[PDB]
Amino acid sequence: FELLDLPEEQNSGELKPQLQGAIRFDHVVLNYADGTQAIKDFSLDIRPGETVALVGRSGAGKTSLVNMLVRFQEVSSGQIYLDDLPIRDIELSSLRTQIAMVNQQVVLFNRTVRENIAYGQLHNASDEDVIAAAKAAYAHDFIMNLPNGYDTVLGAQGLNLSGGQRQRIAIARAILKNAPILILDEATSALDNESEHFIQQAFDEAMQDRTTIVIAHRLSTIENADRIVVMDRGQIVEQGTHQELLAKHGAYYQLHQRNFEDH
């Protein structure tokens, strides 16, 4: 719950590319006012369609890394490139419309279910695309059991929407966005079993053939990733495929046998 630095949103880049899903971190460093070295010297190349699974403790740097990718945190040194374009040369709106951020802290608004899915830049989406997104999030059927269906306004009492139903509405927003880059924290903490089942399926379907950086919680996400990056104290400890990292018989191997406890 620490406060972070506040970026200035100097939207000095004017490029409006169609992102293809290549990402490169080039010697990225993140140093704080108090001397903390949050990220040391981080380099990683991600090709279009790849999933990179981040593994590591809560303070290891995973959140700071992906925040830098959406310019929610600035970099102390180094560069980030999207399809070989420096990220700061891209118009911020263009960047943010093309990167989906999915996690348990996504905001639900006291607005219709429709507006919660067709939110913001997607406010004028076609009616059938909102339904398709809700079906892909396994939310359409329960939305149509709400008192006023898609016109039901969140934030009231008596809606009977569980946490796992609410989280599926938020996932539908990300699916509608259909972004070439997905930043996923696949947490399903405190949700009911059935919601967890459908959410895991929606997450696997969202990662399919799409550039994804995932803060992993499930073994399948880690083992099937194109690259696994084990972070500790802001540094890459090791990186590679599941097969390569097992063969090293090192940090990842030990973590795998401990079911990634605390990582």
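Just count from 1 along the sequence shown to find any residue number.
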property	result
Which of 7-15 and 245-253 has higher mean CA B factor, as the PDB entry lists it	7-15
Mean Cα B-factor comparison, 104-112 or 143-151, giving the higher one as deposited	143-151
Deposited CA B-factor, highest of 174, 85, 75, 137	85
Per the PDB entry, maximal CA B factor within 79, 160, 167, 126	160
CA B-factor placement of residue 68, once the chain's modelled residues are sorted into thirds	highest
Residue 99 - Cα temperature factor, lowest/middle/highest third of chain	middle
Residue 210 - which third its CA temperature factor falls in, relative to the rest of the chain	highest
Lowest, middle or highest third - CA B-factor, residue 47	middle
Residue 92, C-alpha B-factor rank within chain (lowest, middle or highest third)	highest
